[PDB]
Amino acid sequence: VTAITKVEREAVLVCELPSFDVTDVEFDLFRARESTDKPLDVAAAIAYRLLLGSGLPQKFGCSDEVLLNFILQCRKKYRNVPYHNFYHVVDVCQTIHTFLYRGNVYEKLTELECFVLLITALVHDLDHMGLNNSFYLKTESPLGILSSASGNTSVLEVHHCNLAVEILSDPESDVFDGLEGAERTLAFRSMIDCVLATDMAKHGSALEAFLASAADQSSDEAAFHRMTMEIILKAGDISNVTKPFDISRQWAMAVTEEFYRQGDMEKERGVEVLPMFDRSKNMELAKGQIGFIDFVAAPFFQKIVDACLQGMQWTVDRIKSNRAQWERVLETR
């Protein structure tokens, strides 16, 4: 429940981000982290600039100070893990900004829905420990038992939602405190629906529902809006392969190390270790990126672009050039 101090706020406000354009599709968060000995302050400043530059917080009665308090309460609940840390959720926030404003998806949503999506990026992985839903269920960890007894197998996504509600229950960090009645309800419900939809076990069914709503000129409007928000948070979450090859590769190194640490702990517990979680298989980075592109990311981006989101064509183009580059790594090995 512990309030953000003036000194914590000042450490973010001093960062000027010289030579960076946080609105650009080629923005490099790894270069921003290396540019300073306070990468946590720079990351918080990127999020702050993105939210104020949208012009949205101003319109919904969220002060500069409440916005920065929210950003810093989110930052305190991320852990020192290789991939699911504060840098991932700031990356997802920046990426969604590009999808809304460079890919023109803002045209499909209200200003409130655009504001909720940028805020939801920063809560969507709160208190991730670098272990996936499967780890908690296979090991019968206490959180796994609660999820099973409770009837919801989205172990981590329900936990993230719980900590988001906690942050927003204090007016000093409630970016939605300017709303009342149906607008306040829509902000909380849409945020929660979006976080729950990031569970990759629901990937196929969430994509098929969005594609069927987009094809139907008589789809319920409220339902189309909600599904568009869910698909944009999902797109940000699997956007690593849509970036400049070097940025893409650094993300792939970070996620591989997190997977390998999970596999190490599964060996110690004596439970099943999948091949891509096992250090001993020594599986090549190139073959793993090509597989992720072919079976997950290329069909996802191509289908949503063709169905509805024409302005995001650059994502399909960049996945194509990244696949070709991984093929040159194999051809020359």
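One-based numbering along the sequence shown. Think of the rigid core as the biggest set of C-alphas that the two forms share within 1.5 Å after superposition.
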{"query": "In 8 other deposited structures of this protein, rigid core aligned: more displaced of 58-66 and 280-288 by C-alpha RMS", "finding": "280-288"}
{"query": "Greater mean Cα temperature factor according to the PDB record, 31-39 or 60-68", "finding": "31-39"}
{"query": "Of 264-272 and 47-55, the stretch whose C-alpha atoms average the higher B-factor in the entry", "finding": "264-272"}
{"query": "Highest recorded Cα temperature factor - choice among 213, 150, 104, 228", "finding": "150"}
{"query": "Residue of maximum C-alpha B factor among 79, 243, 97, 159, per deposited coordinates", "finding": "79"}
{"query": "Third assignment of residue 290 from its chain's C-alpha B-factors", "finding": "lowest"}
{"query": "Chain-relative CA temperature factor third for residue 283", "finding": "highest"}
{"query": "Chain third (lowest, middle, highest) by recorded CA B-factor, residue given as residue 124", "finding": "lowest"}
{"query": "Chain-wide C-alpha B factor ranking for residue 236, given as lowest, middle or highest third", "finding": "lowest"}
{"query": "Chain thirds of CA B-factor: placement of residue 9", "finding": "highest"}
